[PDB]
Amino acid sequence: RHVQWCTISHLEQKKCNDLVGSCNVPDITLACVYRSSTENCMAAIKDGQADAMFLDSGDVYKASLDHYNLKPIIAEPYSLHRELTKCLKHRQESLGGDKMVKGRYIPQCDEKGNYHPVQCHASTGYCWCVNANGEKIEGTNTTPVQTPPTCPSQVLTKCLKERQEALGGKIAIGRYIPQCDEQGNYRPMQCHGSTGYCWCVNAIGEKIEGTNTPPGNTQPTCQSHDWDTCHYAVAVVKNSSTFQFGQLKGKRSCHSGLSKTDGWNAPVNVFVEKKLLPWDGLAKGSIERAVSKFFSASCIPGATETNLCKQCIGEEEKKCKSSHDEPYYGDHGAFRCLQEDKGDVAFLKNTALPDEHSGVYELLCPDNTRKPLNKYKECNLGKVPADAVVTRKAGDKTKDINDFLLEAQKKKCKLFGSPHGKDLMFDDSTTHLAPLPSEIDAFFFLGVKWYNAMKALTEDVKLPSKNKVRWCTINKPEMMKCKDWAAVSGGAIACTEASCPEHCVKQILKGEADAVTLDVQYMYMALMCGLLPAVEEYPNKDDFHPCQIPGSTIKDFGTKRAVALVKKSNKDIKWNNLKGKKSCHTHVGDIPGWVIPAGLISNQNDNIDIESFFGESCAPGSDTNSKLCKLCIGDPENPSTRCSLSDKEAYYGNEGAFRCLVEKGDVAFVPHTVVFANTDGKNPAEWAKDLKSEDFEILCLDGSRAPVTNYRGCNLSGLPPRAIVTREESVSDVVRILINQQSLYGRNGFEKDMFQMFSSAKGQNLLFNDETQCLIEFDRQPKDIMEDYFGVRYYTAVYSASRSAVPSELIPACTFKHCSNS
Ligand SMILES: NC(=O)OC[C@@H]1N=C(N)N2C[C@@H](OS(=O)(=O)O)C(O)(O)[C@@]23NC(N)=N[C@@H]13
């Protein structure tokens with residue numbers, strides 16, 4: 001296996017070549033491929049000439065576009081603010097669950113708020129081992145009859161671990177040994193035990209620039225509890241000059257480079273906001289030209305304007321290249337340009353500032369003051385996104401790149417410094433590189449605010465009208481019905497196309513669409529990504545009053561209620577003893593007949609297979625050999641149609657599960673409507689025949705029973721309605737436009753002869769479900785949106801009332817946190 005790294009300079013190629021020799025990762029060989037600039041490397045990776053390079057966030061954005069089609073895959077983790085530990089969050093979530101779901105696992109946290117390595121489930125007496133994230137180590141469960149397992153100790157904190165490594169297992173004399181606090185985080189002030197120097201670090205141990213102090217001098221105050229580890233764009237100046245930020249016009253400037261976010265996007269955004277630059281849209285020429293009029297002479301590697309390359313010092317064709325062969329390229333090159341007095345101000349980020357407190361440099365704040373180097377958090381041009389290793393979108397080398405860097409970091413190879421110079425291959429300030437979420441792209445990595453801000457400098461971005469709802473459609477018939485809606489809507493409705501509901505959620509997140517109707521099984525993912533219900537489908541045929549007068553009180557929303565249905569004859573069966581019994585399920589994947597029962601059973605029995613929990617059962621979709629297909633009859637006109645997802649199975653579906661109950665089962669998992677639909681001689685067939693409703697009851701979660709009529713107070717869970725989701729800031733617009741459309745084209749629409757929202761000749765259930773009575777505004781309560789939309793019962797039964805389930809690999813990408821401003 002091979003990884004070919006693209007380098008942009010002779011200096012970087014030298015360092016990459018040293019790593020080929022010095023860094024021995026078994027099974028993966030590194031090789032180095034030289035190109036003369038950042039853009040030529042981007043093209044080499046797109047073309048397969050190389051596999052990976054490290055890019056500034058501004059180039060991550062440029063590389064994501066169709067010319068190159070690259071994506072970020074590895075980056076340094078960062079933190080925005082201190083958070084609850086994972087164990088304490090899990091305890092709070094599970095204590096907030098539905099108390100009628102009895103016997104749930106509540107985690108056990110220790111005096112630092114971490115998981116005890118041994119976790120136990122009170123109601124079942126089972127114990128198991130966990131990792132630092134509280135996830136079960138599979139195959140360590142022990143039953144109550146045995147003593148609790150022996151579980152390895154928890155991994156030490158960053159500080160205690162680096163203290164252990166520094167000590168090397170026998171004092172490390174003459175070397176820095178980190179000093180940790182009681183919680184095992186880094187003390188704010190650190191001192192070198194041999195040189196006498198002291199400096200400040202944040203809570204995860206990163207040095208604060210501008211704080212390094214030789215012995216005998218006064219130390220700057222170190223801030224405690226600093227968990228803001230985003231990097232900051234800053235403007236650095238010498239204390240021998242005296243201009244302020246608003247007098248930059250006509251000065252000389254050094255920039256890390258034309259495409260870098262700290263050397264271009266951040267300062268330029270501020271120039272534009274302050275109107276120091278006469279420029280707003282692409283009608284006034286390019287940004288680069290306007291900047292060319294502002295400064296008298298600059299070094300901005302990668303620029304074309306002549307005065308913006310005037311102060312660079314690269315020899316011959318190397319001059320002004322996005323490459324270390326231009327000595328003023330990058331953060332440290334821009335600082336060198338100030339230091340050598342080719343510029344009056346350098347634009348870079350806090351991680352390239354001097355570590356020493358004392359000296360001739362300080363920061364130029366945009367509020368027209370100057371502040372010391374260590375005050376960049378209050379004197380800056382914005383937080384900037386993380387930088388990242390990128391590769392082709394297809395990801396054919398992602399695993400090899402990840403494996404190599406994880407192994408090289410484990411072995412402590414010299415990835416992050418070099419004799420040959422600074423910031424070669426990676427930023428010298430980097431300490432660890434970790435894999436990003438597998439579905440991350442530039443949009444989710446940079447975040448919507450920085451992504452749009454960098455788009456804004458390249459094109460005028462016409463913002464879509466808040467008076468138009470772009471509806472996302474998932475198949476061609478839906479598209480065609482939405483084109484008919486658009487034609488009658490007077491421009492209120494437009495249409496977009498995607499292949500599946502998850503891709504619609506992506507389009508709405510990225511501003512390509514505005515709304516989509518989602519089944520229940522997608523709402524957890526939509527709500528985690530930050531969309532909100534705007535309106536919901538009301539399905540109750542018996543009461544039209546909430547549809548007639550909007551806003552009025554809904555007596556019964558009318559969704560299905562999952563129940564456990566048993567015969568009045570069998571009077572021993574209660575909820576708490578279904579184990580081993582024979583059960584009938586509509587089919588695997590059905591929410592009321594499977595997801596809700598499987599959910600409650602795993603919550604109360606340590607995630608035991610619902611296949612193993614019951615005795616013999618019928619649940620179409622299971623494997624024909626398993627005990628879940630034994631009751632499954634098949635087709636009476638024998639063909640093999642057994643345990644199949646069709647009507648060719650006698651026991652399939654809502655009626656079929658009810659069949660299996662009366663014929664040969666103790667319990668059936670079904671919506672509450674099925675019993676009334678097949679009793680009181682409502683079904684003609686011979687098995688139904690008579691079968692009085694009062695011959696059955698439903699099981700309550702508290703061990704009691706009730707007649708099949710009290711499903712509102714004695715069910716497993718009610719389902720929430722389907723919802724129309726949108727972005728939070730668009731909810732009020734979408735509600736207004738849809739309610740208006742509904743007064744025209746709903747079931748009592750004033751213009752319902754011109755168009756019907758809730759039916760179509762083109763297909764069934766297009767855009768909305770065909771039995772929808774109307775759409776009702778979602779009344780947002782002051783509570784967690786999970787609990788608000790699902791209801792506490794469903795949230796607990798299906799998701800353990802947790803925000804940590806991952807039913808879709810999009811969730812880790814769309815919840816990735818960003819380094820944005822306000
Ligand atoms: N009447 C009725 O059912 O309205 C449904 C409507 N939409 C939902 N998805 N919900 C879930 C229900 O949760 S539940 O536990 O009460 O079922 C709810 O009623 O709270 C509700 N939450 C809010 N804010 N409005 C409600």
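Heavy-atom basis, side chains included; hydrogens, waters and symmetry copies ignored. Sequence positions, counted from 1, serve as the residue numbers for this chain.
- With hydrogens and angles disregarded, a donor-acceptor distance shorter than 3.5 Å links the side chain of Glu93 to the backbone of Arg803.
- With contacts defined as side-chain heavy-atom distances shorter than 4.5 Å, the pair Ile74/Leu436 does not qualify.
- Looking at heavy atoms from C-beta onward, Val237 lies in side-chain contact with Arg370 at the 4.5 angstrom threshold.
- Between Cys299 and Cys337, a gap of 2.5 Å or greater is found separating the two SG atoms.
- The OG atom of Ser224 sits 12.0 Å away from atom CE of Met189, with the distance rounded to the nearest 0.5 Å.
- Judged by distance alone, with hydrogens and angles left aside, the side-chain atoms of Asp606 form no donor-acceptor pair with the main-chain N or O of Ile608 at under 3.5 Å.
- No donor-acceptor contact under 3.5 angstrom links the side chains of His116 and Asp110, judged on distance only.
- Counting only distance, with no hydrogens or angles, the side chain of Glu356 and the backbone of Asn212 share no donor-acceptor pair below 3.5 Å.
- Listed here is the closest heavy atom pair of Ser322 and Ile8: O-CD1, 3.8 Å.
- At least one side-chain heavy atom of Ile811 sits under 4.5 Å from a side-chain heavy atom of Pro807.
- Shown are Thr143, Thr147, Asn141, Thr142; of these, the side-chain contact (heavy atoms from CB on, under 4.5 Å) with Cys127 is made only by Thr142.
- Under the 3.5 Å distance criterion, the side-chain polar atoms of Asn380 are matched with a main-chain donor or acceptor of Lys377.
- Listed for the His121 side chain is no donor-acceptor partner under 3.5 Å among the backbone atoms of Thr124.
- For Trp5 and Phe426, the ring centers sit closer than 6.0 Å to each other.
- Within the 3.5 Å criterion, the main-chain N or O of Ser64 finds a donor-acceptor partner in the side chain of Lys393.
- Proximity of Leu373 to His357: side-chain heavy atoms (C-beta onward) are nowhere separated by under 4.5 Å.
- Formation of a donor-acceptor pair under 3.5 Å by the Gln409 side chain with backbone atoms of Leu405 is found in this model.
- For an aromatic pair to be called close, the ring centres must be under 6.0 Å apart, and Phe347 with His255 satisfies this.
- Defined by atom type and a distance below 3.5 Å, a donor-acceptor pair is missing between the side-chain atoms of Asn374 and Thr211.
- Judged by distance alone, the side chains of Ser9 and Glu12 never bring a donor and an acceptor atom under 3.5 Å apart.
- Taking the six-membered ring where the residue is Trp, the centroids of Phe445 and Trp450 are separated by 6.0 Å or more.
- Of the N and O atoms on the side chains of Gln154 and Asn131, not one donor lies less than 3.5 Å from an acceptor on the other residue.
- A donor-acceptor distance shorter than 3.5 angstrom exists from the side chain of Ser22 to the backbone of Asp18, with no hydrogens or angles considered.
- Side-chain contact check for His818 versus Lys449: every heavy-atom pair is 4.5 Å or farther apart.
- When every heavy atom of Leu84 is checked against every heavy atom of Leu88, the shortest pair comes out as CG-CB, 4.0 Å.
- No donor-acceptor contact under 3.5 angstrom links the side chains of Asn239 and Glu362, judged on distance only.
- Between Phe816 and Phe444, the gap from one ring centroid to the other reaches at least 6.0 Å.
- Here the side chain of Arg104 pairs a donor or acceptor atom with the backbone of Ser94 at under 3.5 angstrom.
- At a threshold of 4.5 Å between non-hydrogen side-chain atoms, the residues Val60 and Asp387 do not count as touching.
- Once rounded to the nearest 0.5 Å, the distance linking OG1 of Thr229 with CG of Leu80 reads 7.5 Å.
- Among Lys158, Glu206, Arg163, the single residue meeting the side-chain contact (heavy atoms from CB on, under 4.5 Å) criterion with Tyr186 is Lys158.
- Checking side-chain atoms of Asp181 against main-chain N and O of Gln183 turns up a donor-acceptor pair under 3.5 Å.
- Between the side chains of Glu76 and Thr430, no donor N or O sits under 3.5 Å from an acceptor N or O.
- For the residue pair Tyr115 / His90, a side-chain donor-acceptor distance below 3.5 Å is found, with atom types taken as modelled.
- Taking CD of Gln223 as the reference point, atom SG of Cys200 lies at 9.5 Å (rounded to 0.5 Å).
- One side chain, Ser256 or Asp262, offers a donor N or O that lies under 3.5 Å from an acceptor on the other.
- The ring of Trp199 has its center closer than 6.0 angstrom to the ring center of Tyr176.
- Aromatic pair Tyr329/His324: ring centres closer than 6.0 Å.
- Side-chain atoms of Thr391 and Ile401, non-hydrogen and from C-beta on, do get closer than 4.5 Å to each other.
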